[PDB]
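Two forms of the same protein chain are encoded below as structure tokens; each is given separately, as structure 1 and structure 2.
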Structure 1
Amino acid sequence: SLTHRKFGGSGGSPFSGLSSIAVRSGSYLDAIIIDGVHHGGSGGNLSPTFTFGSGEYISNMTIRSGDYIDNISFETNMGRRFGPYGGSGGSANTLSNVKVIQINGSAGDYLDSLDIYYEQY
């Protein structure tokens, strides 16, 4: 049962555990790199790193996928953008008016899947 709980007091500046994203890509996603941690293979080309600003999160995302992840792009709540990186294959799936909380997935030599945890607004 997916849930969340808050602990502590008021104050401070909000932060997220999801701080940066990069990918390796060609016609598909070879890897995703989350907070600098590599998930997938060594093929494709390494994208620049997107580092979230304070109070910044993914609010819209387009993922093209079939048996693998083919393309990723996203926009943040501050209008910053990442991608598209990857190819033109797969089915396009969009998340809109969300707040992405976490990106998990599965990978081998390529990025097989993503499991995106998010709040839908």
Structure 2
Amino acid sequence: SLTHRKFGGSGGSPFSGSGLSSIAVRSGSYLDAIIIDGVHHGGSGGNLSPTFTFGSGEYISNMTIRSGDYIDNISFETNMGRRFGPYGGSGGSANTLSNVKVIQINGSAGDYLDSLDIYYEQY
């Protein structure tokens, strides 16, 4: 009983994330890129965060995304209580996925990370 939900603007070219084994971001005041299993989606500006590597049986359970035209900020927490972020700036509007199991992260990107389309189960 999966759902997909989009965050962010209408720009960029679509991508599918290659798995959810690791995540990093390149960020400044925007999310310049999300890095999924070492592959970036977005541009080259901003600073490279350390990589969050998921443990066995670990998945994103809560996520807060700030966005406007672009993804502005990402933070998440896993089912095991580990946290990533926040990374990015304070613009846009905040939306949260709570008590979920994220299965796949897709989106659209150009010079920035325009949008995310998150596939998840809802509890």
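Heads up, when I say rigid core I mean the largest set of C-alphas that superpose within 1.5 Å between the two forms. Structure 1's sequence is the ruler for residue numbers, which start at 1. Shifts are known only where both forms have a C-alpha.
*Asks:* Can you tell which residue in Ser16, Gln102, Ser106, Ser20 has its CA shifted by 2 Å or more between structure 1 and structure 2 when the core is superposed?
*Replies:* Single residue meeting the criterion: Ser16.
*Asks:* When the rigid core is overlaid, by how much has the CA of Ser42 moved between structure 1 and structure 2, in Å to one decimal?
*Replies:* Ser42 C-alpha displacement between structure 1 and structure 2, core-aligned: 0.5 Å.
*Asks:* Once the rigid core is lined up, which stretches of 3 or more residues in a row have C-alphas that move 2 Å or more between structure 1 and structure 2?
*Replies:* Shifted segment: 1-17, the only one.
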